[PDB]
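So this first bit is one chain, no partners, the form deposited in one PDB entry, shown in structure tokens.
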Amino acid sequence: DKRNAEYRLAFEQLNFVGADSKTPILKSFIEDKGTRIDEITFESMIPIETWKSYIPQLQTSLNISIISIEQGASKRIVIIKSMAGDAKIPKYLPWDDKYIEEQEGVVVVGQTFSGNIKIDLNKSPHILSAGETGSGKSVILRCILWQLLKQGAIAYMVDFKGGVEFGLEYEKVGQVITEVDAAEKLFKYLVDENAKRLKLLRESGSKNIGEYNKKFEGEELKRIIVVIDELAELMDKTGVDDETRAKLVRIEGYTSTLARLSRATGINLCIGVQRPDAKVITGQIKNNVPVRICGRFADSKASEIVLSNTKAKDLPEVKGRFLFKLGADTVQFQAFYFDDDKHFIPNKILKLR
């Protein structure tokens, strides 16, 4: 084999031999086609310290970006997590209105290996974005929102933390929800509106909202984008008042109902999650939210909750570098950087009519 033959010369060239005077032997190269993070296993007599000392040389020799070098099952075996020099993805990519999709309902979240990541909300209607504080899971949601505002959609924004993440400029573009009573009224309305559109399609004999809009002129239904900053504000019922938790259990009722029956009604949920918990990302939320955006999660348990795999732990530590799952396949992408005080121009959306 070519790889074993290649690696052998790279080691001979570095005189990278153990106490036994023998070069590391390649046990397995497990390449990921989706994330494109390869897993290079070697068993040598060289200690993990000497390996780490050689990461800059090993990168230049094998032409790889070493994500991590860890010790395997035995103190003889090492595992390298890397990406070839050809798995080229920007380390930083800002937002540009040039990316805004023409097709009403298609949104672009960033750049991948082969092209850009696109989500058609007529096909995949709900997005679950997850990541630690400062990962940029909010940035994505704001960018999806901007693209939909530009597409002329109705926007609702949920942030129970005084609505600080949805400032006075966001307020101009749509309704901002800050309390459980407002969220109760909003989610009840969203279920009623979803059901209202559900019968219009039945009666009109139209597949989606677009197929009805081309049948009724002055009665055109606009897309509804409802972004939730922290699912846990609606999910996590622990601590609140006896009357407040009946309100939260109603919000949870309506949310489940929204995610389940709103593929054709053009009502979309974009949910951010800081702390992936099974009490928050319920199987009802999982079964009905098809789009998964995942930041680097140190734990294997938090990644399984989100992606239904342990891929988030192998993410190269790059600000805005996420994982993307839709259906079975899981891919690596660099999320566009959406700067609020650079790209969010609320008057450009008010001009739209």
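Heads up: residue numbers just count along the shown sequence, starting at 1.
Not pictured, yet referred to below: the form deposited in another entry.
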Legend entry - Hinge candidate matching the rigid-part switch between this form and the one not shown, set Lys207, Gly327, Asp86, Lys279: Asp86
Inset, instruction - Taking the shown form as the reference, report whether the CA atoms of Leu307 and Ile67 lie closer or farther apart in the other form; the distance changes by 3 angstroms or more. - result: closer
Inset, instruction - Since the C-alpha distance between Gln274 and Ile37 changes by 3 Å or more in the other form, give its direction relative to the shown form: closer or farther. - result: farther
